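Okay, so here's the structure we're looking at.
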Amino acid sequence: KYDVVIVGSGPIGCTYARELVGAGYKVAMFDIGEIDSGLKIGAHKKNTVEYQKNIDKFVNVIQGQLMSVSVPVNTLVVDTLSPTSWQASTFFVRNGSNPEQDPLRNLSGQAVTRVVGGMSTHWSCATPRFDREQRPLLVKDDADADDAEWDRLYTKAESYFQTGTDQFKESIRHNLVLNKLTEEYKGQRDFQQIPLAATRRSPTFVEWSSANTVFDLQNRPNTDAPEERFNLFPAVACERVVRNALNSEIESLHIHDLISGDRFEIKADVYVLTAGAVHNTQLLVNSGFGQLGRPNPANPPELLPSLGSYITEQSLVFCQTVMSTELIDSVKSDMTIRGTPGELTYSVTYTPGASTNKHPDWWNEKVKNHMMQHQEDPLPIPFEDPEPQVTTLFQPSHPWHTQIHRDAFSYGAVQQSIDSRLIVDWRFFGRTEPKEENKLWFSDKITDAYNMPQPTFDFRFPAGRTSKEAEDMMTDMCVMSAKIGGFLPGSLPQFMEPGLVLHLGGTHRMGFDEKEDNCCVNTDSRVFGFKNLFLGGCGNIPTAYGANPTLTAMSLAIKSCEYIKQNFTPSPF
Amino acid sequence: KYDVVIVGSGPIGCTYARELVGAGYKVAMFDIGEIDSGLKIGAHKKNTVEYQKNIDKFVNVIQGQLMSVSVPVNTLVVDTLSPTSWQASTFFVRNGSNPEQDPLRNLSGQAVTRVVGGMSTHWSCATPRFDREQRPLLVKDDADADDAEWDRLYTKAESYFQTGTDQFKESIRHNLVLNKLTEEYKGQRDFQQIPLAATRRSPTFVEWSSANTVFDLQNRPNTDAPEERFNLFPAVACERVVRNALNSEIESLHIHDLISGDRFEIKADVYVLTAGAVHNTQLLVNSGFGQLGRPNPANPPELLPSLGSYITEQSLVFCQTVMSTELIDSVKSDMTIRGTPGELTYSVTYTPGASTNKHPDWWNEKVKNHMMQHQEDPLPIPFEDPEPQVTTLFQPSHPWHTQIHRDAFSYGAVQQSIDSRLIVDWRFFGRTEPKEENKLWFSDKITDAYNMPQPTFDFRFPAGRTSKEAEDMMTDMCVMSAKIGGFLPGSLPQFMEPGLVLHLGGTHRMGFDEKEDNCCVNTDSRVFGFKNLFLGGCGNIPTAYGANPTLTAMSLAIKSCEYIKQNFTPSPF
Amino acid sequence: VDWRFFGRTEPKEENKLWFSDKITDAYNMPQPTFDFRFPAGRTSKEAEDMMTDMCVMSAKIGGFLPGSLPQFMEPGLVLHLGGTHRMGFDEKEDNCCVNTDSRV
Amino acid sequence: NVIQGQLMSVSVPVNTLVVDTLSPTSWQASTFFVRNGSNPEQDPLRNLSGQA
Ligand SMILES: *Cc1cc2c(cc1C)nc1c(=O)[nH]c(=O)nc-1n2C[C@H](O)[C@H](O)[C@H](O)COP(=O)(O)OP(=O)(O)OC[C@H]1O[C@@H](n2cnc3c(N)ncnc32)[C@H](O)[C@@H]1O
Ligand SMILES: *Cc1cc2c(cc1C)nc1c(=O)[nH]c(=O)nc-1n2C[C@H](O)[C@H](O)[C@H](O)COP(=O)(O)OP(=O)(O)OC[C@H]1O[C@@H](n2cnc3c(N)ncnc32)[C@H](O)[C@@H]1O
């Protein structure tokens with residue numbers, strides 16, 4: 001018996017933990033995955049000395065924990081087997097593929113992560129706010145009020161994640177890019193640092209935020225928390241919440257301890273599902289909400305008819321550039337140079353404080369030192385100079401999010417031929433109109449690796465605005481990236497596979513009114529009809545958004561937690 | 001002040017910990033890497049429910065922690081940059097390459113792993129014994145005595161690692177392969193299960209051994225060890241051991257706490273280096289043993305002249321096969337089949353205990369169940385059937401180690417087209433003659449990511465036996481693999497990049513006599529001349545070996561630990 | 001649909017085709033050798049504005065075909081090499097080889 | 001294929017690609033010497049590699 005139970009230990013789950021363990025509830029949290037992030041439970045895997053000295057290698061950590069959601073049956077022809085080897089007569093169901101999935105209407109790139117801390121153990125930590133156009137209303141007919149509430153919620157969310165916008169302010173590459181872009185779009189667009197959940201510790205080490213940052217996930221009571229009550233149970237698959245006959249309350253959470261193989265049931269007053277956009281929906285449909293199986297409109301669901309419909313995922317375009325000759329020369333524009341590199345008479349000098357210096361003394365000092373200490377190196381940028389982290393946020397005239405940066409998650413065998421200091425990544429993210437015909441559904445025959453109903457997508461980017469904007473987005477990336485340099489061969493401008501972007505939303509969408517707004521949960525994230533069932537995550541977001549959704553989902557959880565504290569009484573300790 | 005200090009937390013380091021913490025020494029161990037394996041410190045990363053349900057993904061975990069030792073300057077031509085982008089006039093030193101390294105005499109595949117538990121957090125857990133031909137002598141002129149000692153040492157080593165040979169005995173694929181090979185080579189070669197440091201927990205879960213298995217790496221005293229004394233310090237780079245003027249004893253270990261940036265010195269009575277074959281040699285050469293810089297025979301080292309010479313690494317050949325039609329039909333040879341799959345009259349039956357049954361009832365039952373429960377599936381092998389794990393050990397008439405199996409570390413984007421149940425991996429490993437001209441050396445100008453002398457290889461597989469055997473090895477793999485099925489397209493027979501195999505040996509080699517045997521340490525693994533300095537690891541092994549070296553290195557550490565216990569007195573507690 | 005945009009290149013003295021006095025080609029003639037880079041200045045700016053134009057204009061007709069993404073081709077693949085024996089009125093003033101009748 | 005069959009490259013620089021998975025028994029280069037009709041005079045970084 002707990003006061004509250006949480007399914008999932010991602011940062012949205014941890015938002016609920018932090019709020020509710022702190023309010024004095026007896027909390028239990030289960031995760032289907034295991035603790036594997038070192039002694040700080042649920043922390044960012046990027047935060048080791050070894051990874052920030054070899055950041056190129058972290059792509060492999062991310063790849064190692066992205067398990068594809070739905071993989072269609074494979075139809076590749078292999079006709080150079082030896083005559084003696086067993087050979088197929090058909091393309092039969094092999095290697096865990098999903099025979100329900102149409103390869104041409106899939107989110108082939110969608111994947112899930114089963115570890116403690118969830119995807120926040122590997123994420124890129126960008127946490128922009130949504131402007132009105134991207135955000136669901138929290139207050140009808142009172143825009144300035146709706147604005148205040150979101151400002152209040154986001155401000156707390158930024159606290160929990162330790163969101164900041166100046167962690168890269170000392171980077172020559174970052175400023176080089178930022179300044180050129182501002183200059184080029186003078187009074188048509190604004191550029192700034194990407195808001196990032198991150199704390200710099202030194203010039204060569206950044207403590208990337210994660211679930212741990214939100215809530216440290218240590219069992220309580222403990223010494224630094226002697227009146228709080230929290231237990232985390234890793235390696236527990238949660239399978240069904242049990243409805244009462246009235247469909248007014250949840251009575252139990254049914255679980256599978258993966259290590260012993262035993263199943264149990266768990267009672268709480270308050271049930272919170274934060275298993276992610278896909279696995280929330282799976283858990284619910286496994287529990288009698290929505291509809292199991294291939295959509296059949298001639299049998300409507302009894303509960304939550306909009307569950308798994310109106311799903312959104314963002315179009316992503318990508319390239320990388322090599323920094324222009326012009327920009328590179330500009331780095332060292334303040335330097336007077338005498339002699340020829342490599343002789344003892346060679347000299348690179350600047351005049352501090354000189355009025356006609358285009359850069360600050362700190363920048364000049366770095367450049368001078370690098371050029372004198374490394375006279376074999378043909379570039380003015382210091383070896384350890386931190387990466388760019390630039391954005392122009394979504395606007396109506398440019399309704400896409402942009403990151404102009406360096407991401408651990410590169411999409412191909414990485415280059416060694418071109419100097420890393422010249423390379424900038426470009427990622428533009430489009431907003432997707434939510435549509436009823438775009439669905440995530442669960443097979444009533446096929447099951448996944450945990451013996452749950454197999455997830456299946458039926459998705460295409462909507463015709464209309466979504467398609468036009470995506471193409472205008474691609475074109476924008478081409479136009480804007482040219483200002484900084486030419487495309488890097490092998491990273492030419494391209495749309496990424498659908499869902500690789502991992503910003504799936506709308507799978508258990510929020511709204512004021514279940515029928516009128518075609519939704520699943522209300523603005524307290526409570527499941528309509530149910531007193532004690534709450535959903536947290538990107539699944540909640542009902543709007544077409546381009547920016548990274550996590551901070552938004554977090555803000556919604558905070559408001560959800562206000563409701564719980566005002567409506568349920570913690571047990572005595 | 002400690003009684004003993006150990007550098008490195010790999011399983012060889014942990015062998016020293018286990019022996020010495022258990023003998024009652026005050027032990028400290030430092031690792032340059034960090035704890036990141038979940039709550040069991042130093043354990044196998046493969047031991048999560050999620051990885052053994054998605055084993056294909058573990059390749060990414062291994063890749064994420066293999067940092068290449070020496071990467072030559074890159075000379076690839078990129079001539080499709082945009083005219084505007086900064087373009088090189090030369091192939092200058094970019095992206096951490098090593099300008100000292102000749103690309104044509106490198107071990108390009110050699111890599112290191114900096115995490116707590118070392119490479120044992122990701123290794124494949126094969127732990128064969130070496131036969132006399134592969135093993136260094138521990139006793140001169142008394143072969144039967146030398147045999148007994150090694151039998152004694154290996155038997156303990158197998159205990160520590162939990163080595164077993166029956167963990168896969170229930171696998172249809174494993175037995176299918178094993179039995180065919182035995183049959184084919186009848187009375188010319190013997191096949192058995194690869195000895196593996198592993199404990200099966202269930203039919204779908206194997207607890208893979210690691211450093212943790214050897215020693216749990218928890219700080220002591222603690223409740224289950226209240227009179228023992230051990231501390232582990234992660235994120236500490238050890239840089240130099242300090243010699244006394246006499247070169248008879250080590251006086252301190254010099255360290256760098258990576259998290260605070262501060263340097264300290266550490267006193268112990270006994271210093272143990274187990275940082276791996278490369279990083280032991282680096283630590284030593286950084287400390288005035290051997291020779292820093294490009295080999296210069298006209299300036300001999302003062303100490304340990306053979307340090308970094310005579311290095312061995314094994315030739316590795318690889319392919320994968322698709323199981324023959326014949327073998328696949330044999331699986332179901334005992335089945336009577338009526339009707340046609342997919343109708344309710346279809347029937348697969350066998351007669352238990354029937355004299356003419358070629359397989360045991362358990363095998364038949366599995367096959368019958370699979371064929372009746374999955375009538376859409378064209379193969380008689382059950383979905384969860386464990387992988388093959390077969391070997392014929394090195395002999396004189398076949399002087400190579402062989403693994404006929406399924407390895408998490410596949411060498412290419414993996415297939416989805418061919419059913420996984422049909423696929424077997426083939427890895428044959430050759431022995432390399434140790435030669436003086438084959439060297440690992442450290443630059444006196446270039447430094448690595450931890451500001452230590454940059455490692456550089458000068459290696460070629462020796463002409464003579466080594467080259468002939470390697471080619472006869474390749475041919476053997478072709479001949480033997482054909483017995484089981486044809487090559488899988490995309491995994492055709494090939495030599496792997498030198499050192500990818502990660503069995504590097506001989507870098508601080510063991511022998512009776514420093515000059516006569518051209519070696520660094522004696523049979524107690526003590527550095528010649530030095531009372532209190534010991535080396536552990538594959539670096540010690542002075543012979544040409546084909547089998548996987550870790551259990552051998554462990555046995556040597558055990559004997560090293562006998563010496564220490566008989567020669568140094570633990571402090572009072 | 002294929003999209004090919006072709007830029008103009010400023011002629012420069014330092015951009016040269018020359019022939020080895022030691023190395024010979026398959027017909028035992030002096031081996032051809034290039035010393036070429038696209039000129040800084042207008043040539044480089046125009047080439048990049050050209051790439052951008054192709055992106056902007058091609059979008060009007062449809063999205064890029066995967067495997068044929070926008071890219072600069074290897075120098076000279078285009079096979080429009082010019083200026084190697086260039087024409088002009090006056091040999092010294094116009095730095096040239098042949099006159100307007102193409103006579104040397 | 002007809003076009004490719006009649007375009008002979010004008011100047012091909014000496015090749016520097018590393019092949020380190022030869023069998024130990026096979027003849028192996030110690031240098032990137034002039035092979036297969038390459039032109040040692042040509043700087044790979046200032047070429048018209050596509051000219052034919
Ligand atoms: C992978 C990734 C994600 C990512 C990113 C780049 C990459 C490479 N960049 C980010 C960006 O810069 N910022 C942005 O806002 N998001 C970014 N993302 C996405 C981010 O990681 C996710 O949006 C965020 O993690 C969502 O958080 P939430 O807490 O909602 O979900 P979760 O992290 O997926 O964790 C859910 C967990 O629950 C578990 N689970 C799943 N099913 C069950 C069941 N049945 N029972 C018990 N537990 C369950 C998981 O194992 C998991 O930990
Ligand atoms: C990666 C791998 C290795 C492997 C294998 C397959 C793969 C993919 N398969 C194995 C096989 O089946 N069996 C076989 O016997 N070996 C197999 N291997 C090899 C195995 O992992 C290694 O042989 C074994 O781990 C060697 O153990 P040892 O304890 O000698 O070395 P280590 O694991 O590399 O750990 C050394 C550590 O010390 C650290 N370090 C390095 N430098 C320093 C300094 N300067 N200061 C402090 N610490 C240092 C490391 O971080 C490390 O943990």
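In the structure tokens, chains take letters A, B, ... by order of appearance, with residues numbered from 1 within each chain and ligands from 1 in the order shown.
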> Mind checking DSSP for range 355-566 of chain B and telling me the helix (DSSP H, G or I) residues as a ChimeraX atom specification?
Replying inline: /B:361-373,420-422,465-481,538-540,550-566
Give me, as a Markdown table, the closest atom pair and its distance (Å, one decimal) for every residue of chain A within a cut-off of 10 Å of chain C, counting only C-alpha atoms, rows sorted by chain and rising number.
| residue | atom | partner | partner_atom | distance |
| --- | --- | --- | --- | --- |
| A:325 | CA | C:40 | CA | 9.3 |
| A:326 | CA | C:40 | CA | 9.9 |
| A:470 | CA | C:63 | CA | 9.9 |
| A:471 | CA | C:59 | CA | 7.0 |
| A:472 | CA | C:59 | CA | 8.0 |
| A:474 | CA | C:59 | CA | 8.7 |
| A:475 | CA | C:56 | CA | 6.0 |
| A:476 | CA | C:56 | CA | 8.6 |
| A:477 | CA | C:55 | CA | 9.8 |
| A:478 | CA | C:52 | CA | 6.4 |
| A:479 | CA | C:52 | CA | 6.0 |
| A:480 | CA | C:52 | CA | 9.3 |
| A:481 | CA | C:52 | CA | 9.5 |
| A:482 | CA | C:48 | CA | 7.0 |
| A:483 | CA | C:48 | CA | 9.2 |
| A:485 | CA | C:48 | CA | 8.5 |
| A:486 | CA | C:48 | CA | 7.1 |
| A:487 | CA | C:71 | CA | 7.6 |
| A:488 | CA | C:71 | CA | 9.0 |
| A:489 | CA | C:71 | CA | 7.5 |
| A:490 | CA | C:71 | CA | 9.5 |
| A:491 | CA | C:69 | CA | 9.3 |
| A:492 | CA | C:69 | CA | 6.1 |
| A:493 | CA | C:69 | CA | 6.5 |
| A:494 | CA | C:69 | CA | 7.0 |
| A:495 | CA | C:66 | CA | 8.7 |
> Residues of chain B within 6 Å of chain A, using only C-alpha atoms, as a ChimeraX atom specification?
Replying inline: /B:35-38,57,60-61,64,74,76,82,84-86,94,322-325,417,419,485-486
> Among chain C, which ones does DSSP place in strand (DSSP E), written as a list in words?
Replying inline: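 Checking each residue of chain C, the strand (DSSP E) ones are residues 16, 17, 18, 19, 20, 21, 22, 23, 24, 30, 31, 32, 33, 34 and 35 of chain C.
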> Residues of chain D within 7 Å of chain C, using only C-alpha atoms, as JSON, numbers by chain?
Replying inline: {"D": [10, 11, 41, 42, 46, 47, 48, 49, 50, 51]}
>> At a cut-off of 7 Å around ligand 2, and using only C-alpha atoms and all ligand atoms, what residues come up? Please write them as a count of residues only.
In response: 49
> What is the CA of residue 358 in chain B-CA of residue 332 in chain B distance in Å, reported with one decimal?
Replying inline: 9.6 Å
> With only C-alpha atoms as the basis for distance, which of B:260, B:315, B:98, B:167 is at the shortest distance from chain D?
Replying inline: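 Ranked by minimum distance to chain D, first place goes to B:315.
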>> To one decimal place in Å, what is the distance between CA of residue 138 in chain A and CA of residue 515 in chain A?
In response: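 Going from CA of residue 138 in chain A over to CA of residue 515 in chain A covers 17.2 Å.
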